[PDB]
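Here is the structure we will look at, set down as structure tokens.
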Amino acid sequence: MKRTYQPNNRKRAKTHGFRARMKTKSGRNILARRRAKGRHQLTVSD
Amino acid sequence: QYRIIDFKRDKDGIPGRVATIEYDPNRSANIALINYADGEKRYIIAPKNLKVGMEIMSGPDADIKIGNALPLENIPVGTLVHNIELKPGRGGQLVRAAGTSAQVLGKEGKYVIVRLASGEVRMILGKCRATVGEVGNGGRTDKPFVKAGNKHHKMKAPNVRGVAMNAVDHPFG
RNA sequence: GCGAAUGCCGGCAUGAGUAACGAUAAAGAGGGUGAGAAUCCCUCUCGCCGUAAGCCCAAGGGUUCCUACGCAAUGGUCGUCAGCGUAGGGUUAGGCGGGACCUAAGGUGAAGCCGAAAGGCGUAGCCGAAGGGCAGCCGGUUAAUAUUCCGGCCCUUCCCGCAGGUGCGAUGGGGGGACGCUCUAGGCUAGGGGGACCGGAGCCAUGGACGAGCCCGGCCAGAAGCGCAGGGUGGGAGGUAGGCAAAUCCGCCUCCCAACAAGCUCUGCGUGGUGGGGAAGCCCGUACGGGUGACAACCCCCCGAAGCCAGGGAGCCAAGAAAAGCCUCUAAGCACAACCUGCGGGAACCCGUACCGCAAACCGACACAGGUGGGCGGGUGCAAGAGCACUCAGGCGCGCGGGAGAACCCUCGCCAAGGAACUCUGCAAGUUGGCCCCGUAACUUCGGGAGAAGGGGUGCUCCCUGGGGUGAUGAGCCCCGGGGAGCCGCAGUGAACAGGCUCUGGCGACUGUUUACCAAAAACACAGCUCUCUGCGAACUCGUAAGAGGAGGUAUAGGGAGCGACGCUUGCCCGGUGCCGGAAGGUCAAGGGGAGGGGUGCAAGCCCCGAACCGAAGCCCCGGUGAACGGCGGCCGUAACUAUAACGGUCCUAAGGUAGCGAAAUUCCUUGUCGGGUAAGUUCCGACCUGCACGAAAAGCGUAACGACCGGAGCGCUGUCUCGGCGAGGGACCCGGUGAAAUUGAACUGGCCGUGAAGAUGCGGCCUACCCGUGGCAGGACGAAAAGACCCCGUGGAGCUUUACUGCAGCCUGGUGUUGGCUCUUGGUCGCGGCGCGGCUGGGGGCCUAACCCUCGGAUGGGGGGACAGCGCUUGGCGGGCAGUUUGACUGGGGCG
RNA sequence: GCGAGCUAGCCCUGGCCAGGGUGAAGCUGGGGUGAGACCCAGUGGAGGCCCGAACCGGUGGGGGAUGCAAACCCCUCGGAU
RNA sequence: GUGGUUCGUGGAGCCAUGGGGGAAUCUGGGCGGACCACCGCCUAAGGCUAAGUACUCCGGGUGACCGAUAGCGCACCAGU
RNA sequence: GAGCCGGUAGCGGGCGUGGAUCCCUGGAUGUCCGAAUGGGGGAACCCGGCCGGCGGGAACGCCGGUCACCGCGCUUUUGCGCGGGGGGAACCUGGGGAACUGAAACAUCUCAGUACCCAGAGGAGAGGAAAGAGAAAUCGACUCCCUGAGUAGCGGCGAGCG
């Protein structure tokens, strides 16, 4: 059926992961956004 | 086999021996390993002729001995060449398997005349070089890609075309 | 302050005890446990797999895995069962995988390069993998682990010591690891098969046979020593005008040994010696059986790989990735202590394992007949084969069971007699379906259209005969004819997997590719043609300037394009348009450059307006331009006993349709008129051709083969149809268990004929009219779905278009700048047709050249260009490439009018 | 700001196509001429080539329409170095 | 050639600058809105400067502010 | 000031007026990530020099401590010793910077220099002793509140801005 979910450790991870977000302006942005703003955890945390 | 190599001599007094027939797949040029004196080599131009049994070179000196090549300065008039040495040492300055090279059809001071293989005419310059001899491309033309599409087999873009499209898509398009 | 917003939120009823149990691969019986078992445990019949419903490696998910307790909810019923609850426990590695090694894409990235800032790029080096590389295997052993735990057998790297050895000693160099595809020799395990030849546990019941009888098996792994087997390279001297920046390496030339020689990396024997080893098995559960003790047997011939040796060999073209090891060596230290070796002792980590794993544990929100990458996949039969029917090992019976067999939908089976007429349509289905022999038409680019079309064969028995693997060849195996005789049934690829063919036409040639959830086509794609911009630092595409792309391409090339084999052939017009060329003349921006006026000024002055002339591209004007846009006439007369026409008369246009074709899918008058096909034929197919509106390049006529394309016809055959009529399995119905769903103000809702806002159960008159239900059948409740997509209306919105409006991107362009020298020159001007001079200032031609840029070619120097130009500022211009707005009202529907 | 574990592509790097059929370049031999063209016979094994599994697809009909499913099941079909 | 200013090209200045020319050191040199005379102001083209206004994460106070569908959405194993 | 081992009430055991629980403030530890900075990296993991005990090395040899990124000055010498960067609800200035919508269209205009993004300062920045303002020869830092004033005024002189 091929949905769109097949997760890929390697993938998903990579792609998304503390770092990256960081590395980025943007990413970083929202991130520290989320942080306070909300609490929670985060991607990679995932 | 997905690679390049030589294209412009500028170390001379060297012994030019016609390496061999390594007809080559990568630029419409068919070249053979050119064996130099020391032993240092080079898949060199494909300027047709100069039989296997190598036996050539060039030089600040001379030696029209078909193929081979020197500066404009050092070159006859009424001569057919390639190794298009445009600017001062810019190595090759044209004629790629483009058999019909250029013909020092008249030179002038630090300026030597050239029949624009491609399809026009003007002048080069001083030392500027270029090796006579033909090309090598056996009319590398024609030949049928029959009931299939050589193309594809191209590895060479089916970058296919269109023009009629349904849209209003790509540059001047 | 609330019915009331298809309102929000929450609960709660509907339909409704009807609809569903997630594949029609079925079960049933005996015992056992339990409070209680169609749904659990043992056992015995039976059915379904079997290329899976097999084990395996991965990825994903992470305790789901085992064991003892337990069922409240999740398990679409139960439930003592669980991949559910609580508790305990389970997965160990110098040699398996990941790292402690290597790089391509790519990503990072000190230096370097450009951005308003954030940022962009990016060398070397680093990150980066089932690509490279690397040192093991078989058995046992628990409730779970296992190449890790046992044990038996096989190794590797580092370190210290000594023993022997030799210029060791970088990674800098050189080989070097290193490879495409299609195909195939030689050899060998995996794997399979016959053995009645060896071992052993037992049988035969029945009619028969104790017999080459039935049933199990007769293997797995290994130091090197060792013969079948290949598999990779040659051996010395010297020159090294000297390279691979530095010398001995390898590269290149010369003379001798230049073999089936010797060299060094996998299979067989084996065999050290070990294990297994099933059928046991006395103690023991004689049964959730098996944990663990006879002995095992351990042997022969047969078949044989789609990747085992191996980096093979042969062919071919689109001509097949980079860093550990091996040898050469500088720095450099060893050179009685540097590296190679030998023996002996010493050292060896970090994190990964359970079980699921063509899947209820993975994605689809669910135990959803959806997808998901690699490994032989056991046999018997079928020409072969992971296709097929049955089954081996192992897996499972779909997680809802009984019971009736009505209509009715599903899936499937059958028919006489006719045998498409059913109908838009042979849509469906049915014919036909496999190998061998015979036999094959029009046409052809001679390849093909042929599997064409059309027959005939096949089964099991015995006879004599010929072949290739069988180490000679002598129980063994295979390809095979042969021809003879003969047996049986309706049938002899017996079942199962398996074309209907033909005749014709149109388009596009063809294999293709594409609109995922309607459309695979005459749509794009093409091999192939033609115009065509481009000389490199290209031209176009992204980019704010770097820069990449292009392309380490270089005119047999790179980009722009309209058609889209091949054949035949592409004619007529450049008045407008785009463009290419021209640039003498008109025009005209910024600007130079002065007449002259103006304001204030006691005055020198001090600000503007300023115009004659010189002045850019553009536009105007001349020409060239059609596989550039685009277009390619009208009516009157005339031989025509009747009709254009052979001719003739003309008005306008840039000429004014040519060759081929024609009611074509461009022809509405039309089912045009003639012909054929038929019982009739508005589809076809041929021919005419007054072509409502074909036409050569978005080609034109045709064209073999080719198409899940479209349309036309004939044979074959069938319930497609003349109505069918029977039947088989599945719901529907009755039982037990469970138990939704949109819509709905509310309601005990009958027909009539009339009515109302003009198509009423509810209003009037009337007629039939008990109360409820279940299996049904669709008509009305203007039934349900959705605040019509067709419509108009809002001076709503969003996309594409051009001579719409404006504006920007880019491109061309005058003067100006860091854009420096030297000379050759003509024009204006005012002053003193003129000439002499003079300040003024305008045009322009030259190597240079010191910026600039580029250039490189091995260093910073040379080289080329060079005052360019890049590039900054203002000028002007093109400019739908893009961005933003706009394009009225009326309207006895919007529009056209 | 967020995304190619959707899908269209493109770069890098592996894996994969059970069987069978048709029989062009070639090379071997023979063939009247000077050599040859060129013929034939053998060998030979190409092709986006044919017949077909897995695998890729998803016309043509059948079911399904509060489905098994927000595209699936059934018969059928094309591609098949 | 743009800016800011109330100034949207205007009779349109001051200050700030994108390009090009490129003055003066006290009778110097801008200014008081085109310019000019005279008057009047100011002295640039470098720099530092607490206090007076803004803002609630934090802690307190107070409420013609609320009561579990109101209040921050979240009154306590919620940005879960 | 005399009770306690936190919300856990429960089992099992215990500190305490020769000043416990806890309230304060200043401490010593502060494992791994995170600007991360020793090096690599899919955060919270895996890799290297110097010192280090010497450590079981029972008749045989390891963690700990450590240490070091890079841009900033500059005592330059061979460069030794100071600062930075990452945050942060709201607020601050600079750097850059828009359509809707109003004008009952819409190109001028408006929303605005707003919303957003970026950089950076602070606890507040902003700004700040005048080539200022205006004209009574009058006033004097900057800022902020009221007022001046919805005035003088800008303009398809329209909506508005002001």
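Chain lettering (A, B, ...) mirrors the order of the structure tokens, residue numbering begins at 1 for each chain separately, and ligand numbering begins at 1 in order of display.
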Within 10 Å of chain B, which residues belong to chain D? Use only C-alpha atoms (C1' of nucleotides) and report them as a PDB file with C-alpha atoms (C1' of nucleotides), in the first residue's frame.
ATOM      1  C1'   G D  47      17.849  -8.026 -30.828  1.00  0.00           C
ATOM      2  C1'   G D  48      14.857  -1.970 -26.362  1.00  0.00           C
ATOM      3  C1'   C D  49      13.017  -9.445 -30.944  1.00  0.00           C
TER       4        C D  49
END
- Test item: residues at most 12 Å from residue 38 of chain F, only C-alpha atoms (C1' of nucleotides), excluding those fewer than 4 positions along its chain, as a list in words: residues 47, 48, 49, 66, 67, 68 and 69 of chain F
Export of prior selection with C-alpha atoms (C1' of nucleotides) as a PDB file, in the first residue's frame:
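Saved result, again-v3.pdb, follows:
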ATOM      1  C1'   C F  47      37.717   8.448  19.380  1.00  0.00           C
ATOM      2  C1'   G F  48      43.410  10.882  20.614  1.00  0.00           C
ATOM      3  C1'   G F  49      48.974  13.603  23.263  1.00  0.00           C
ATOM      4  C1'   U F  66      44.403  16.296  32.996  1.00  0.00           C
ATOM      5  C1'   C F  67      44.845  18.755  28.748  1.00  0.00           C
ATOM      6  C1'   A F  68      44.700  21.380  24.641  1.00  0.00           C
ATOM      7  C1'   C F  69      38.459  24.943  19.860  1.00  0.00           C
TER       8        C F  69
END
Taking only C-alpha atoms (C1' of nucleotides) into account, produce a table as a tab-separated table in which each residue of chain A with an atom at most 8 Å from an atom of chain D appears once, together with its shortest atom pair and the distance in Å to one decimal, ordered by chain and rising number.
residue	atom	partner	partner_atom	distance
A:3	CA	D:6	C1'	7.6
A:4	CA	D:6	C1'	5.6
A:5	CA	D:5	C1'	6.2
A:6	CA	D:5	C1'	5.1
A:7	CA	D:5	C1'	5.0
A:8	CA	D:5	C1'	5.7
A:11	CA	D:5	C1'	6.7
A:12	CA	D:5	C1'	6.9
A:26	CA	D:1	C1'	6.6
A:30	CA	D:1	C1'	7.9
Mind writing the picked residues with N, CA, C and O atoms as an mmCIF file, in the first residue's frame?
data_model
loop_
_atom_site.group_PDB
_atom_site.id
_atom_site.type_symbol
_atom_site.label_atom_id
_atom_site.label_comp_id
_atom_site.auth_asym_id
_atom_site.auth_seq_id
_atom_site.Cartn_x
_atom_site.Cartn_y
_atom_site.Cartn_z
ATOM 1 N N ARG A 3 2.099 3.862 2.490
ATOM 2 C CA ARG A 3 1.414 5.034 3.031
ATOM 3 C C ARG A 3 2.234 6.298 2.853
ATOM 4 O O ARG A 3 1.974 7.110 1.968
ATOM 5 N N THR A 4 3.222 6.456 3.725
ATOM 6 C CA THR A 4 4.076 7.638 3.754
ATOM 7 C C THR A 4 4.786 7.674 5.103
ATOM 8 O O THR A 4 5.489 8.637 5.436
ATOM 9 N N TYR A 5 4.605 6.594 5.862
ATOM 10 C CA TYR A 5 5.046 6.519 7.251
ATOM 11 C C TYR A 5 6.362 5.766 7.420
ATOM 12 O O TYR A 5 7.230 6.194 8.180
ATOM 13 N N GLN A 6 6.515 4.656 6.702
ATOM 14 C CA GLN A 6 7.736 3.881 6.828
ATOM 15 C C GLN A 6 8.788 4.807 7.405
ATOM 16 O O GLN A 6 9.337 5.650 6.699
ATOM 17 N N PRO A 7 9.051 4.671 8.705
ATOM 18 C CA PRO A 7 10.083 5.452 9.356
ATOM 19 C C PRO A 7 11.441 4.845 9.059
ATOM 20 O O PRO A 7 11.533 3.657 8.749
ATOM 21 N N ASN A 8 12.487 5.653 9.149
ATOM 22 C CA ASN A 8 13.820 5.148 8.895
ATOM 23 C C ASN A 8 14.828 5.693 9.868
ATOM 24 O O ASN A 8 15.514 6.679 9.592
ATOM 25 N N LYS A 11 17.201 7.423 8.549
ATOM 26 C CA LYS A 11 16.421 8.541 8.082
ATOM 27 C C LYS A 11 15.828 9.273 9.258
ATOM 28 O O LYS A 11 16.464 9.418 10.300
ATOM 29 N N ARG A 12 14.593 9.718 9.082
ATOM 30 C CA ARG A 12 13.929 10.510 10.098
ATOM 31 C C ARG A 12 14.972 11.087 11.036
ATOM 32 O O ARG A 12 15.163 12.303 11.109
ATOM 33 N N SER A 26 16.691 29.219 11.192
ATOM 34 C CA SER A 26 15.338 28.703 11.320
ATOM 35 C C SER A 26 15.239 27.653 12.413
ATOM 36 O O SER A 26 14.938 27.964 13.568
ATOM 37 N N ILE A 30 12.228 28.629 16.002
ATOM 38 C CA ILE A 30 11.158 27.839 16.582
ATOM 39 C C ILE A 30 11.660 26.992 17.743
ATOM 40 O O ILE A 30 11.167 27.109 18.866
#
- Message: Measuring between only C-alpha atoms (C1' of nucleotides), which one of D:35, D:77, D:13, D:22 shows the shortest distance to residue 57 of chain D?
- Response: D:77
Interface, chain F side, toward chain A (10 Å; only C-alpha atoms (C1' of nucleotides)) as a PDB file with N, CA, C and O atoms (P, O5', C5', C4', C3', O3' and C1' of nucleotides), in the first residue's frame:
ATOM      1  P     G F  34      26.300  18.599  22.793  1.00  0.00           P
ATOM      2  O5'   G F  34      24.732  18.863  22.653  1.00  0.00           O
ATOM      3  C5'   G F  34      24.257  20.007  21.990  1.00  0.00           C
ATOM      4  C4'   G F  34      23.765  21.034  22.987  1.00  0.00           C
ATOM      5  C3'   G F  34      24.726  22.182  23.194  1.00  0.00           C
ATOM      6  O3'   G F  34      24.647  23.076  22.110  1.00  0.00           O
ATOM      7  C1'   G F  34      23.742  21.550  25.256  1.00  0.00           C
ATOM      8  P     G F  41      31.968  15.162  11.546  1.00  0.00           P
ATOM      9  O5'   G F  41      30.643  14.713  12.324  1.00  0.00           O
ATOM     10  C5'   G F  41      29.882  13.614  11.841  1.00  0.00           C
ATOM     11  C4'   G F  41      29.246  12.794  12.950  1.00  0.00           C
ATOM     12  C3'   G F  41      27.938  13.336  13.517  1.00  0.00           C
ATOM     13  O3'   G F  41      26.800  13.123  12.662  1.00  0.00           O
ATOM     14  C1'   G F  41      29.314  12.757  15.300  1.00  0.00           C
ATOM     15  P     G F  42      25.906  14.360  12.148  1.00  0.00           P
ATOM     16  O5'   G F  42      24.430  13.748  12.145  1.00  0.00           O
ATOM     17  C5'   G F  42      23.580  13.924  13.259  1.00  0.00           C
ATOM     18  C4'   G F  42      22.627  12.758  13.350  1.00  0.00           C
ATOM     19  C3'   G F  42      22.114  12.479  14.748  1.00  0.00           C
ATOM     20  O3'   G F  42      20.946  13.259  14.947  1.00  0.00           O
ATOM     21  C1'   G F  42      22.365  10.527  13.349  1.00  0.00           C
ATOM     22  P     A F  43      20.293  13.483  16.390  1.00  0.00           P
ATOM     23  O5'   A F  43      21.513  13.457  17.429  1.00  0.00           O
ATOM     24  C5'   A F  43      21.286  13.569  18.846  1.00  0.00           C
ATOM     25  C4'   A F  43      22.543  13.995  19.600  1.00  0.00           C
ATOM     26  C3'   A F  43      22.740  13.341  20.962  1.00  0.00           C
ATOM     27  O3'   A F  43      23.551  12.202  20.829  1.00  0.00           O
ATOM     28  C1'   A F  43      22.779  15.691  21.244  1.00  0.00           C
ATOM     29  P     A F  44      22.973  10.815  21.352  1.00  0.00           P
ATOM     30  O5'   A F  44      23.226  10.919  22.920  1.00  0.00           O
ATOM     31  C5'   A F  44      24.540  11.097  23.415  1.00  0.00           C
ATOM     32  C4'   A F  44      24.477  11.808  24.746  1.00  0.00           C
ATOM     33  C3'   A F  44      23.728  11.033  25.822  1.00  0.00           C
ATOM     34  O3'   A F  44      24.610  10.162  26.552  1.00  0.00           O
ATOM     35  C1'   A F  44      22.812  13.211  25.604  1.00  0.00           C
ATOM     36  P     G F  87      20.980  31.288  21.117  1.00  0.00           P
ATOM     37  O5'   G F  87      20.923  32.655  21.957  1.00  0.00           O
ATOM     38  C5'   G F  87      19.841  32.972  22.829  1.00  0.00           C
ATOM     39  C4'   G F  87      19.805  32.065  24.047  1.00  0.00           C
ATOM     40  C3'   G F  87      18.526  32.192  24.855  1.00  0.00           C
ATOM     41  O3'   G F  87      17.661  31.103  24.521  1.00  0.00           O
ATOM     42  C1'   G F  87      20.445  32.630  26.251  1.00  0.00           C
ATOM     43  P     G F  88      16.172  31.370  23.992  1.00  0.00           P
ATOM     44  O5'   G F  88      15.463  31.946  25.301  1.00  0.00           O
ATOM     45  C5'   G F  88      14.634  33.084  25.217  1.00  0.00           C
ATOM     46  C4'   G F  88      14.542  33.815  26.541  1.00  0.00           C
ATOM     47  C3'   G F  88      14.028  35.224  26.362  1.00  0.00           C
ATOM     48  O3'   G F  88      12.632  35.189  26.331  1.00  0.00           O
ATOM     49  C1'   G F  88      15.968  35.329  27.641  1.00  0.00           C
ATOM     50  P     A F  89      11.998  35.940  25.083  1.00  0.00           P
ATOM     51  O5'   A F  89      10.564  35.263  24.827  1.00  0.00           O
ATOM     52  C5'   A F  89       9.809  34.618  25.854  1.00  0.00           C
ATOM     53  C4'   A F  89       8.406  35.189  26.059  1.00  0.00           C
ATOM     54  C3'   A F  89       8.147  36.668  25.727  1.00  0.00           C
ATOM     55  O3'   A F  89       7.313  36.804  24.570  1.00  0.00           O
ATOM     56  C1'   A F  89       7.803  36.270  28.078  1.00  0.00           C
TER      57        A F  89
END
- Message: Show me, as a VMD selection string, the residues that have an atom within 9 Å of residue 59 of chain D when counting only C-alpha atoms (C1' of nucleotides), minus same-chain residues fewer than 3 positions from it.
- Response: (chain C and resid 520 708) or (chain D and resid 77 to 78)
Written file, previous selection with C-alpha atoms (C1' of nucleotides), as a PDB file, in the first residue's frame:
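File produced: selection13.pdb:
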ATOM      1  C1'   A C 520      -2.442   4.208 -21.429  1.00  0.00           C
ATOM      2  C1'   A C 708      -5.002  -4.003 -24.527  1.00  0.00           C
TER       3        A C 708
ATOM      4  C1'   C D  77      -4.891  -8.283 -20.381  1.00  0.00           C
ATOM      5  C1'   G D  78       0.336  -5.552 -21.887  1.00  0.00           C
TER       6        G D  78
END
- Within chain A, find each residue whose DSSP state, derived from the backbone, is helix (DSSP H, G or I), and express the selection as a PyMOL selection string. chain A and resi 10-13+28-38
- Might you pull out every residue within 12 Å of residue 409 of chain C, with only C-alpha atoms (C1' of nucleotides) counted and same-chain residues fewer than 5 positions away left off, and present them as a VMD selection string? (chain C and resid 730 to 732) or (chain D and resid 63)
Writer output for current selection, C-alpha atoms (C1' of nucleotides), as a PDB file, in the first residue's frame:
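For reference, out-v9.pdb as written:
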ATOM      1  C1'   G C 730     -23.028 -17.814  -0.068  1.00  0.00           C
ATOM      2  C1'   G C 731     -26.001 -14.267   2.624  1.00  0.00           C
ATOM      3  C1'   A C 732     -30.925 -13.293   3.167  1.00  0.00           C
TER       4        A C 732
ATOM      5  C1'   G D  63     -17.961  -7.715  -7.386  1.00  0.00           C
TER       6        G D  63
END
Please report as a Markdown table every residue of chain E lying within 12 Å of chain A, along with the nearest atom pair and their distance in Å (one decimal), using only C-alpha atoms (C1' of nucleotides).
| residue | atom | partner | partner_atom | distance |
| --- | --- | --- | --- | --- |
| E:57 | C1' | A:36 | CA | 11.4 |
| E:74 | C1' | A:38 | CA | 11.8 |
| E:78 | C1' | A:40 | CA | 10.6 |
| E:79 | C1' | A:38 | CA | 5.4 |
| E:80 | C1' | A:40 | CA | 8.3 |
- Query: Once you count only C-alpha atoms (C1' of nucleotides), which residues of chain B turn out to be within 8 Å of chain C? Could you give them as JSON, numbers by chain?
  - Reply: {"B": [1, 4, 10, 24, 25, 27, 35, 36, 37, 38, 39, 40, 87, 88, 89, 90, 93, 94, 95, 96, 97, 98, 99, 117, 118, 119, 137, 139, 140, 141, 145, 146, 147, 148, 149, 150, 151, 153, 154, 155, 160, 161, 162, 163, 165, 168, 171]}
- When the cut-off is 7 Å and we count only C-alpha atoms (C1' of nucleotides), which residues of chain C are near chain A, given as a count of residues only? 4
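Shell of residue 110 of chain B at 9 Å, with only C-alpha atoms (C1' of nucleotides) counted and residues fewer than 3 places along the chain excluded, is residues 73, 107, 124, 125, 126 and 127 of chain B.
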Mind dumping the selected residues with C-alpha atoms as a compact mmCIF listing (two decimals), in the first residue's frame?
# COMPACT_ATOMS: atom_id res chain seq x y z
CA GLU B 73 54.82 31.23 -35.96
CA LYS B 107 49.11 34.65 -41.56
CA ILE B 124 45.11 34.12 -33.82
CA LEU B 125 48.42 35.51 -32.59
CA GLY B 126 52.14 35.00 -32.01
CA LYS B 127 53.73 31.89 -30.53
- Message: When you look at residue 133 of chain F with a cut-off of 10 Å (counting only C-alpha atoms (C1' of nucleotides)), what residues show up, excluding the ones that are within fewer than 3 positions of it in the same chain? I need them as a ChimeraX atom specification.
- Response: /E:32,41 /F:130,139-140
